[PDB]
Structures are given as C-alpha cells and as structure tokens.
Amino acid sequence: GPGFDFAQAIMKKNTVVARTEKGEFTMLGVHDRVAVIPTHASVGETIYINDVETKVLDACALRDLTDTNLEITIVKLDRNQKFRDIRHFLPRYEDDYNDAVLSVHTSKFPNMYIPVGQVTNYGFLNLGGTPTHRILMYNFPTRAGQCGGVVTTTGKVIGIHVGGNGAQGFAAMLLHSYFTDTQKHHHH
C-alpha cells in the first residue's frame, strides 16, 4: 500500500504554509532554516510563513548545467524554529517510484493526502512556456492549490508538486546533493 504514515510524519514536522505574491504553496522544510518552494512562486525578500511575515535570507533558483530551470528554489528563512533534518530521506539519484503519495498543507487544505500511484522519471517538460528539466510524472489529475505538495514513498521524499495538464501531475525532483554543506561562491 501507499506510505501514508510516512507522508503524515513528513507533513507534521516538516511543512509550513508559504504565501508569496503568487498565492499559497505547501512548503517543505529540509534542514535548519532551509526550505523549498517552486520557482514559479516568485519568492521575494520577504514571505509569509503560517501567515507570519518572514525575511528570506537567501533564495537560490536551481538550474542545471544546460542553464535550464529545475523549478526548485531553495530558501533560507529568518525564523526561530529549526526544521527537523530530513536530508537522509532524500534520494541520491534520479529514479522511478511506486505507489507515491502527494501531501498538501495550505490554508484551504491544512492536511490532505492523495495517492498518485506510479511516478516516472519524465525529464523535459514545457512548464507554462518555461523549458524545465528533471521532472517526475504521475497519472493523476492534480489541481491548482497543490503546488509545493510533497511527493513521498515510504522513507523517501522525492519531489515537490509543480504542474499538471488535467490528466497528469508533475513534480520537480529533490536530490540529496542539493542540500549538502559546501564552500565559497558568489551566487547573486
């Protein structure tokens, strides 16, 4: 069966409601004060987190070496609470998955779970006019309001929901190497 228990533990301890100029998004906290949000959320220098205005200390819109959108933006937030470190639940590599759950945490849906079935390493997607890479696909009619939703299997947090076409849903991959402690680089 789908790993509902795992999805619930991730949602309970590692999600907040984020709100930008573009609306509300489920937001996955990954470690310390670092979280993710879809790039098309258009994060600025402040953001609402559970309706509390919060400084965005850093925001990195990920792109691959072809200079193509990956649709993940990693943010560092000025908050007191640390997120439980869930980096060990992130996949090392691209993969396909079975019996995944999509989990949403917004004002409208504070806690909701959708089994999306098989998830395929899809690759290239034209997302609302933006070429995008490293997309995961599931055959489920996902809707507006579900962006940022966390895609899991038991023991793995594999991506965040970013798009759909009325029949299929698409998530941006999360990989373990996106969040490893590193060194010195001018990035803005």
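In case it trips you up, residue 1 is the first one in the sequence shown, and so on.
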* Asked: For the C-alpha atoms alone, is the average B factor greater in 55 to 63 or in 125 to 133, going by the entry?
  -> 125 to 133
* **Residue range whose averaged C-alpha B-factor is higher in the record, 104 to 112 or 88 to 96** => 104 to 112
* Asked: In terms of the CA temperature factor given in the entry, to which third of its chain does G149 belong: lowest, middle or highest?
  -> lowest
* Structure fact -> Tertile call for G163 (CA temperature factor, within chain, third-based) is the middle
* **Relative C-alpha B-factor of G44, binned into the chain's lowest, middle or highest third** => middle
* Structure fact -> Chain-relative C-alpha B factor for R19 (record values, thirds): the middle
* **Record-listed C-alpha B factor of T68: chain third** => middle
